>>> print(open('upload12.pdb').read())   # PDB, C-alpha atoms (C1' of nucleotides) and all ligand atoms
MODEL        1
ATOM      1  CA  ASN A   1     -53.700 -35.090  -7.149
ATOM      2  CA  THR A   2     -50.806 -35.342  -4.698
ATOM      3  CA  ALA A   3     -48.186 -36.679  -7.148
ATOM      4  CA  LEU A   4     -47.669 -33.788  -9.556
ATOM      5  CA  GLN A   5     -48.087 -30.938  -7.073
ATOM      6  CA  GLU A   6     -46.174 -31.230  -3.815
ATOM      7  CA  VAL A   7     -44.472 -34.609  -3.290
ATOM      8  CA  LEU A   8     -41.767 -33.778  -5.783
ATOM      9  CA  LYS A   9     -41.242 -30.471  -3.947
ATOM     10  CA  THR A  10     -40.340 -32.359  -0.753
ATOM     11  CA  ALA A  11     -37.539 -34.246  -2.560
ATOM     12  CA  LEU A  12     -35.601 -31.053  -3.331
ATOM     13  CA  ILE A  13     -34.407 -29.478  -0.061
ATOM     14  CA  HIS A  14     -30.761 -30.563   0.099
ATOM     15  CA  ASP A  15     -30.821 -33.749  -1.971
ATOM     16  CA  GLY A  16     -28.385 -34.701  -4.702
ATOM     17  CA  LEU A  17     -29.311 -33.381  -8.139
ATOM     18  CA  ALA A  18     -27.701 -32.094 -11.309
ATOM     19  CA  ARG A  19     -26.502 -28.503 -11.460
ATOM     20  CA  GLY A  20     -25.306 -26.359 -14.319
ATOM     21  CA  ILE A  21     -24.356 -26.823 -17.927
ATOM     22  CA  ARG A  22     -21.968 -29.744 -17.635
ATOM     23  CA  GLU A  23     -23.673 -32.454 -15.574
ATOM     24  CA  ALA A  24     -27.391 -32.445 -16.461
ATOM     25  CA  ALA A  25     -27.195 -35.491 -18.753
ATOM     26  CA  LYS A  26     -24.412 -37.024 -16.658
ATOM     27  CA  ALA A  27     -25.891 -39.039 -13.781
ATOM     28  CA  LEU A  28     -27.275 -41.869 -15.968
ATOM     29  CA  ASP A  29     -23.749 -43.359 -16.105
ATOM     30  CA  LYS A  30     -23.774 -44.107 -12.353
ATOM     31  CA  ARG A  31     -25.385 -46.761 -10.157
ATOM     32  CA  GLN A  32     -26.930 -44.299  -7.705
ATOM     33  CA  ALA A  33     -29.919 -43.114  -9.760
ATOM     34  CA  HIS A  34     -33.281 -42.934  -8.034
ATOM     35  CA  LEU A  35     -36.273 -40.967  -9.452
ATOM     36  CA  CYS A  36     -35.264 -38.560 -12.217
ATOM     37  CA  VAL A  37     -37.319 -36.058 -14.180
ATOM     38  CA  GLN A  38     -37.121 -34.749 -17.749
ATOM     39  CA  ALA A  39     -38.862 -31.843 -19.449
ATOM     40  CA  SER A  40     -41.411 -32.092 -22.261
ATOM     41  CA  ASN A  41     -40.082 -28.893 -23.828
ATOM     42  CA  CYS A  42     -36.659 -30.085 -24.991
ATOM     43  CA  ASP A  43     -35.587 -28.341 -28.201
ATOM     44  CA  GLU A  44     -33.887 -31.421 -29.544
ATOM     45  CA  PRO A  45     -35.461 -34.894 -29.702
ATOM     46  CA  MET A  46     -31.990 -36.400 -29.233
ATOM     47  CA  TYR A  47     -31.441 -35.293 -25.631
ATOM     48  CA  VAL A  48     -34.665 -36.997 -24.539
ATOM     49  CA  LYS A  49     -33.588 -39.891 -26.785
ATOM     50  CA  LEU A  50     -30.316 -40.055 -24.864
ATOM     51  CA  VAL A  51     -31.953 -40.196 -21.439
ATOM     52  CA  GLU A  52     -34.403 -42.937 -22.491
ATOM     53  CA  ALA A  53     -31.481 -44.793 -24.085
ATOM     54  CA  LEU A  54     -30.435 -45.885 -20.588
ATOM     55  CA  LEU A  55     -33.462 -45.732 -18.324
ATOM     56  CA  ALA A  56     -36.074 -47.477 -20.484
ATOM     57  CA  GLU A  57     -34.026 -50.688 -20.413
ATOM     58  CA  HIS A  58     -33.023 -50.204 -16.745
ATOM     59  CA  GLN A  59     -34.286 -49.397 -13.250
ATOM     60  CA  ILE A  60     -34.670 -45.628 -13.709
ATOM     61  CA  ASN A  61     -37.889 -43.637 -14.217
ATOM     62  CA  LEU A  62     -38.399 -40.281 -15.913
ATOM     63  CA  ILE A  63     -41.265 -37.908 -15.124
ATOM     64  CA  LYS A  64     -42.379 -35.813 -18.103
ATOM     65  CA  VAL A  65     -42.799 -32.247 -16.820
ATOM     66  CA  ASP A  66     -43.663 -29.093 -18.688
ATOM     67  CA  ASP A  67     -40.308 -27.343 -19.220
ATOM     68  CA  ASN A  68     -36.849 -26.975 -17.725
ATOM     69  CA  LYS A  69     -37.053 -23.338 -16.546
ATOM     70  CA  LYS A  70     -39.851 -24.337 -14.162
ATOM     71  CA  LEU A  71     -37.419 -26.902 -12.771
ATOM     72  CA  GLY A  72     -35.157 -23.897 -12.148
ATOM     73  CA  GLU A  73     -37.087 -23.022  -8.993
ATOM     74  CA  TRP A  74     -36.845 -26.735  -8.148
ATOM     75  CA  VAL A  75     -33.097 -27.333  -8.360
ATOM     76  CA  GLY A  76     -31.842 -24.892  -5.719
ATOM     77  CA  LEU A  77     -30.596 -21.778  -7.494
ATOM     78  CA  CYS A  78     -33.121 -19.543  -5.722
ATOM     79  CA  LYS A  79     -34.172 -16.627  -7.911
ATOM     80  CA  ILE A  80     -37.622 -15.978  -6.436
ATOM     81  CA  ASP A  81     -36.735 -13.332  -3.894
ATOM     82  CA  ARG A  82     -37.807 -10.080  -2.254
ATOM     83  CA  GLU A  83     -35.179  -7.643  -3.588
ATOM     84  CA  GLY A  84     -33.996  -9.862  -6.436
ATOM     85  CA  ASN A  85     -35.055 -10.532 -10.002
ATOM     86  CA  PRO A  86     -37.465 -13.522 -10.155
ATOM     87  CA  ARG A  87     -36.053 -14.623 -13.549
ATOM     88  CA  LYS A  88     -32.382 -15.588 -13.226
ATOM     89  CA  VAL A  89     -32.137 -19.296 -14.117
ATOM     90  CA  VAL A  90     -32.452 -21.306 -17.287
ATOM     91  CA  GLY A  91     -33.143 -24.440 -15.302
ATOM     92  CA  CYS A  92     -32.292 -28.086 -15.658
ATOM     93  CA  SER A  93     -33.622 -30.570 -18.183
ATOM     94  CA  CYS A  94     -32.597 -33.695 -16.213
ATOM     95  CA  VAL A  95     -31.983 -33.877 -12.467
ATOM     96  CA  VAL A  96     -31.794 -37.061 -10.424
ATOM     97  CA  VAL A  97     -31.938 -37.920  -6.723
ATOM     98  CA  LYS A  98     -28.955 -39.792  -5.312
ATOM     99  CA  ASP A  99     -30.553 -40.309  -1.898
ATOM    100  CA  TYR A 100     -33.604 -39.135   0.011
ATOM    101  CA  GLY A 101     -31.967 -38.584   3.414
ATOM    102  CA  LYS A 102     -35.344 -38.196   5.127
ATOM    103  CA  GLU A 103     -38.596 -40.142   4.765
ATOM    104  CA  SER A 104     -41.329 -37.534   5.142
ATOM    105  CA  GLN A 105     -43.353 -37.686   1.922
ATOM    106  CA  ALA A 106     -41.366 -39.848  -0.509
ATOM    107  CA  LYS A 107     -43.801 -42.779  -0.829
ATOM    108  CA  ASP A 108     -46.114 -40.968  -3.225
ATOM    109  CA  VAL A 109     -43.747 -40.510  -6.191
ATOM    110  CA  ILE A 110     -42.710 -44.166  -6.079
ATOM    111  CA  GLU A 111     -46.380 -45.150  -5.688
ATOM    112  CA  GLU A 112     -46.930 -43.345  -9.015
ATOM    113  CA  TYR A 113     -44.181 -45.556 -10.485
ATOM    114  CA  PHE A 114     -45.449 -49.104  -9.861
ATOM    115  CA  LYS A 115     -49.115 -48.092 -10.247
ATOM    116  CA  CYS A 116     -49.054 -48.150 -14.060
ATOM    117  CA  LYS A 117     -45.427 -48.759 -15.092
ATOM    118  CA  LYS A 118     -45.534 -52.004 -13.025
TER     119      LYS A 118
ATOM    120  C1'   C B   1      -3.868 -14.646  -7.924
ATOM    121  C1'   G B   2      -3.366 -15.243  -2.502
ATOM    122  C1'   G B   3      -8.267  -9.003  -7.522
ATOM    123  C1'   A B   4     -12.536  -9.316  -0.895
ATOM    124  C1'   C B   5     -17.319  -7.405  -1.926
ATOM    125  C1'   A B   6     -21.648  -4.614  -5.009
ATOM    126  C1'   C B   7     -24.253  -4.687  -9.785
ATOM    127  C1'   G B   8     -24.994  -6.536 -14.742
ATOM    128  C1'   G B   9     -23.529 -10.389 -18.195
ATOM    129  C1'   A B  10     -22.163 -15.288 -18.930
ATOM    130  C1'   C B  11     -25.268 -18.852 -17.640
ATOM    131  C1'   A B  12     -28.382 -26.809 -17.347
ATOM    132  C1'   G B  13     -29.958 -27.472 -25.347
ATOM    133  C1'   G B  14     -22.911 -26.744 -22.421
ATOM    134  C1'   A B  15     -20.308 -20.752 -16.993
ATOM    135  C1'   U B  16     -15.525 -23.080 -14.964
ATOM    136  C1'   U B  17     -11.229 -26.405 -12.298
ATOM    137  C1'   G B  18      -7.626 -30.185 -13.205
ATOM    138  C1'   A B  19      -4.656 -33.238 -16.528
ATOM    139  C1'   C B  20      -1.068 -38.550 -19.805
ATOM    140  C1'   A B  21       1.461 -38.254 -24.380
ATOM    141  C1'   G B  22       4.351 -35.595 -27.594
ATOM    142  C1'   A B  23       7.544 -30.353 -31.357
ATOM    143  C1'   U B  24       6.688 -26.675 -26.780
ATOM    144  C1'   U B  25      10.681 -24.995 -22.165
ATOM    145  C1'   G B  26      15.996 -23.421 -18.500
ATOM    146  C1'   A B  27      11.946 -26.773 -16.052
ATOM    147  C1'   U B  28       7.876 -33.574 -15.420
ATOM    148  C1'   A B  29       5.441 -24.696 -15.309
ATOM    149  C1'   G B  30      -1.393 -28.281 -19.017
ATOM    150  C1'   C B  31       3.319 -21.875 -19.446
ATOM    151  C1'   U B  32       1.429 -22.126 -24.424
ATOM    152  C1'   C B  33       0.139 -25.513 -28.376
ATOM    153  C1'   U B  34      -2.095 -30.408 -31.074
ATOM    154  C1'   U B  35      -5.583 -34.102 -29.427
ATOM    155  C1'   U B  36      -9.065 -35.412 -25.549
ATOM    156  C1'   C B  37     -10.935 -36.901 -20.925
ATOM    157  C1'   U B  38     -12.054 -34.795 -16.202
ATOM    158  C1'   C B  39     -13.980 -31.000 -12.225
ATOM    159  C1'   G B  40     -19.913 -29.298 -10.142
ATOM    160  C1'   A B  41     -21.822 -23.331  -9.267
ATOM    161  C1'   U B  42     -16.774 -23.473  -6.958
ATOM    162  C1'   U B  43     -15.998 -19.745 -10.981
ATOM    163  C1'   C B  44     -15.340 -16.735 -15.240
ATOM    164  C1'   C B  45     -16.371 -11.562 -18.087
ATOM    165  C1'   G B  46     -17.356  -6.387 -17.575
ATOM    166  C1'   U B  47     -17.856  -1.868 -14.102
ATOM    167  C1'   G B  48     -17.215   0.306  -9.544
ATOM    168  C1'   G B  49     -14.521  -0.795  -5.261
ATOM    169  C1'   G B  50     -11.018  -3.241  -1.742
ATOM    170  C1'   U B  51      -6.438  -5.183  -1.278
ATOM    171  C1'   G B  52      -1.003  -5.991  -1.112
ATOM    172  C1'   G B  53       4.018  -3.298  -1.585
ATOM    173  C1'   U B  54      11.970  -4.068   1.835
ATOM    174  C1'   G B  55       7.262   1.491  -3.700
ATOM    175  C1'   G B  56       8.438   7.076  -2.727
ATOM    176  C1'   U B  57       8.486  10.941   1.115
ATOM    177  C1'   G B  58      11.937  10.590   8.124
ATOM    178  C1'   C B  59      11.429  18.156   5.720
ATOM    179  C1'   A B  60       3.864  14.944   6.594
ATOM    180  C1'   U B  61       4.364  11.996  11.290
ATOM    181  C1'   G B  62       4.225   8.362  15.921
ATOM    182  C1'   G B  63       7.353   5.401  18.696
ATOM    183  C1'   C B  64      12.340   4.262  19.835
ATOM    184  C1'   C B  65      17.288   6.002  19.572
ATOM    185  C1'   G B  66      21.649   9.121  19.156
ATOM    186  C1'   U B  67      23.343  14.004  20.213
ATOM    187  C1'   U B  68      24.810  19.827  22.126
ATOM    188  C1'   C B  69      24.982  16.570  27.051
ATOM    189  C1'   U B  70      28.747  13.500  31.577
ATOM    190  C1'   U B  71      28.854  18.850  32.264
ATOM    191  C1'   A B  72      25.835  21.048  36.759
ATOM    192  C1'   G B  73      21.789  22.479  34.985
ATOM    193  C1'   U B  74      16.290  24.007  35.099
ATOM    194  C1'   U B  75      11.421  25.994  36.832
ATOM    195  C1'   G B  76       6.840  27.804  39.248
ATOM    196  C1'   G B  77       4.024  30.179  43.626
ATOM    197  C1'   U B  78       4.200  34.812  46.567
ATOM    198  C1'   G B  79       6.643  39.207  47.624
ATOM    199  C1'   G B  80      10.376  43.228  45.624
ATOM    200  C1'   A B  81      12.372  46.071  41.156
ATOM    201  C1'   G B  82      11.041  47.943  36.248
TER     202        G B  82
HETATM  203 ZN    ZN C 201       7.922   6.618  -5.850
ENDMDL
END
>>> encode(input="upload12.pdb", output="structure tokens")
Amino acid sequence: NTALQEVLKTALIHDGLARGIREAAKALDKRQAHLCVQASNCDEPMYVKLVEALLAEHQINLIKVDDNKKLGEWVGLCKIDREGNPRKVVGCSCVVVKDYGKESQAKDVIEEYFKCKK
RNA sequence: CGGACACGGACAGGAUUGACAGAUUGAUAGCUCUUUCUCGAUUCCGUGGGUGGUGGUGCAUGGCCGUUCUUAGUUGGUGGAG
């Protein structure tokens, strides 16, 4: 009840992610990948095929979330605003975390990992 | 581009930087082209708006300077004359 709601929010303040239309499916080629997250709304079944092509045989875990636009208020391009339009992003389908930087509430997402995925 | 900002568009399922080789050039200017890797919201597109200019106008001006002007010249106050 803590995993899906707020402990992924606390890993998004100024952490490393993907951003824009040229590096979303990029960070799997690097040896700095912590917890990543992929949408269960992807219009092609080859993009999600491409991200599981690496991580399923390696040390990297995807979280299946609802869509990518709802990750748009997660990535950092702030469109929820007082005098601004609350629909400006078409958000990311695959962001990663290079590094946590702080250790407030990061145990709970990795506790989700080795609880069932072993 | 060294066109700031403001709005909209473009916009993670593909906005934008940079670049080896070669016809390509005056030029090892990725200038353009063929091919293809790379850069991480930085931008790019449109519209308003700045901005820059050894661009005009010295008869729109300021400031400085030259000149009649190297000669002795100039002016109020108060009385007097009109
Ligand atoms: Zn002119």
>>> closest_residue(input="upload12.pdb", among="A:35, A:25, A:53, A:12", to="chain B", atoms="only C-alpha atoms (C1' of nucleotides)")
A:25
>>> residues_near_ligand(input="upload12.pdb", ligand="ligand ZN 201 (chain C)", cutoff="9 Å", atoms="all atoms listed in the file", output="list in words")
residues 55, 56 and 57 of chain B
>>> residues_near_point(input="upload12.pdb", point="(-14.6, -23.6, -22.0)", cutoff="12 Å", atoms="all atoms listed in the file", output="PDB file with C-alpha atoms (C1' of nucleotides), in the frame of the given file")
ATOM      1  CA  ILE A  21     -24.356 -26.823 -17.927  1.00  0.00           C
ATOM      2  CA  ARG A  22     -21.968 -29.744 -17.635  1.00  0.00           C
TER       3      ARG A  22
ATOM      4  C1'   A B  10     -22.163 -15.288 -18.930  1.00  0.00           C
ATOM      5  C1'   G B  14     -22.911 -26.744 -22.421  1.00  0.00           C
ATOM      6  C1'   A B  15     -20.308 -20.752 -16.993  1.00  0.00           C
ATOM      7  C1'   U B  16     -15.525 -23.080 -14.964  1.00  0.00           C
ATOM      8  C1'   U B  17     -11.229 -26.405 -12.298  1.00  0.00           C
ATOM      9  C1'   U B  43     -15.998 -19.745 -10.981  1.00  0.00           C
ATOM     10  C1'   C B  44     -15.340 -16.735 -15.240  1.00  0.00           C
TER      11        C B  44
END
>>> closest_atom_pairs(input="upload12.pdb", of="chain A", to="chain B", cutoff="7 Å", atoms="all atoms listed in the file", output="JSON lines")
{"residue": "A:19", "atom": "CA", "partner": "B:12", "partner_atom": "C1'", "distance": 6.4}
{"residue": "A:20", "atom": "CA", "partner": "B:12", "partner_atom": "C1'", "distance": 4.3}
{"residue": "A:21", "atom": "CA", "partner": "B:12", "partner_atom": "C1'", "distance": 4.1}
{"residue": "A:22", "atom": "CA", "partner": "B:14", "partner_atom": "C1'", "distance": 5.7}
{"residue": "A:24", "atom": "CA", "partner": "B:12", "partner_atom": "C1'", "distance": 5.8}
{"residue": "A:43", "atom": "CA", "partner": "B:13", "partner_atom": "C1'", "distance": 6.4}
{"residue": "A:44", "atom": "CA", "partner": "B:13", "partner_atom": "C1'", "distance": 7.0}
{"residue": "A:90", "atom": "CA", "partner": "B:12", "partner_atom": "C1'", "distance": 6.8}
{"residue": "A:91", "atom": "CA", "partner": "B:12", "partner_atom": "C1'", "distance": 5.7}
{"residue": "A:92", "atom": "CA", "partner": "B:12", "partner_atom": "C1'", "distance": 4.4}
{"residue": "A:93", "atom": "CA", "partner": "B:12", "partner_atom": "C1'", "distance": 6.5}
>>> atom_distance(input="upload12.pdb", atom1="atom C1' of residue 37 of chain B", atom2="atom CA of residue 30 of chain A")
17.0 Å
>>> atom_distance(input="upload12.pdb", atom1="atom CA of residue 83 of chain A", atom2="atom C1' of residue 46 of chain B")
22.7 Å
>>> atom_distance(input="upload12.pdb", atom1="atom CA of residue 62 of chain A", atom2="atom CA of residue 78 of chain A")
23.7 Å
>>> build_atoms(input="upload12.pdb", residues="segment 79-92 of chain A", atoms="N, CA, C and O atoms", output="CSV table (one decimal), keeping the file's coordinate frame")
chain,number,residue,atom,x,y,z
A,79,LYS,N,-34.0,-17.9,-7.3
A,79,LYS,CA,-34.2,-16.6,-7.9
A,79,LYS,C,-35.5,-15.9,-7.5
A,79,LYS,O,-35.5,-14.7,-7.7
A,80,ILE,N,-36.4,-16.6,-7.0
A,80,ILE,CA,-37.6,-16.0,-6.4
A,80,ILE,C,-37.2,-15.4,-5.1
A,80,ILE,O,-36.7,-16.1,-4.2
A,81,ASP,N,-37.4,-14.1,-4.9
A,81,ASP,CA,-36.7,-13.3,-3.9
A,81,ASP,C,-37.5,-12.0,-3.7
A,81,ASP,O,-38.4,-11.7,-4.5
A,82,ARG,N,-37.2,-11.4,-2.6
A,82,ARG,CA,-37.8,-10.1,-2.3
A,82,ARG,C,-37.2,-8.9,-3.1
A,82,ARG,O,-37.9,-8.3,-3.9
A,83,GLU,N,-35.9,-8.7,-2.9
A,83,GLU,CA,-35.2,-7.6,-3.6
A,83,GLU,C,-34.3,-8.2,-4.7
A,83,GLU,O,-33.2,-7.7,-5.0
A,84,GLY,N,-34.7,-9.3,-5.3
A,84,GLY,CA,-34.0,-9.9,-6.4
A,84,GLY,C,-34.9,-10.1,-7.6
A,84,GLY,O,-36.1,-10.2,-7.5
A,85,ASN,N,-34.3,-10.3,-8.8
A,85,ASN,CA,-35.1,-10.5,-10.0
A,85,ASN,C,-35.6,-12.0,-10.0
A,85,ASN,O,-34.8,-12.9,-9.9
A,86,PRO,N,-36.9,-12.2,-10.2
A,86,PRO,CA,-37.5,-13.5,-10.2
A,86,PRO,C,-37.2,-14.3,-11.4
A,86,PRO,O,-37.9,-15.4,-11.6
A,87,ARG,N,-36.4,-13.9,-12.3
A,87,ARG,CA,-36.1,-14.6,-13.5
A,87,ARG,C,-34.5,-14.6,-13.7
A,87,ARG,O,-34.0,-13.7,-14.4
A,88,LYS,N,-33.8,-15.5,-13.1
A,88,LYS,CA,-32.4,-15.6,-13.2
A,88,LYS,C,-31.9,-16.9,-13.8
A,88,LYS,O,-30.7,-16.9,-14.3
A,89,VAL,N,-32.6,-18.0,-13.7
A,89,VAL,CA,-32.1,-19.3,-14.1
A,89,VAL,C,-32.7,-19.6,-15.5
A,89,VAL,O,-33.7,-19.1,-15.9
A,90,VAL,N,-31.9,-20.5,-16.2
A,90,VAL,CA,-32.5,-21.3,-17.3
A,90,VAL,C,-32.3,-22.7,-16.8
A,90,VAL,O,-31.2,-23.3,-17.0
A,91,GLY,N,-33.3,-23.3,-16.2
A,91,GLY,CA,-33.1,-24.4,-15.3
A,91,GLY,C,-32.8,-25.7,-16.0
A,91,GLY,O,-32.6,-25.8,-17.2
A,92,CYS,N,-32.9,-26.8,-15.2
A,92,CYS,CA,-32.3,-28.1,-15.7
A,92,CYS,C,-33.3,-28.9,-16.4
A,92,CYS,O,-34.5,-29.0,-16.0
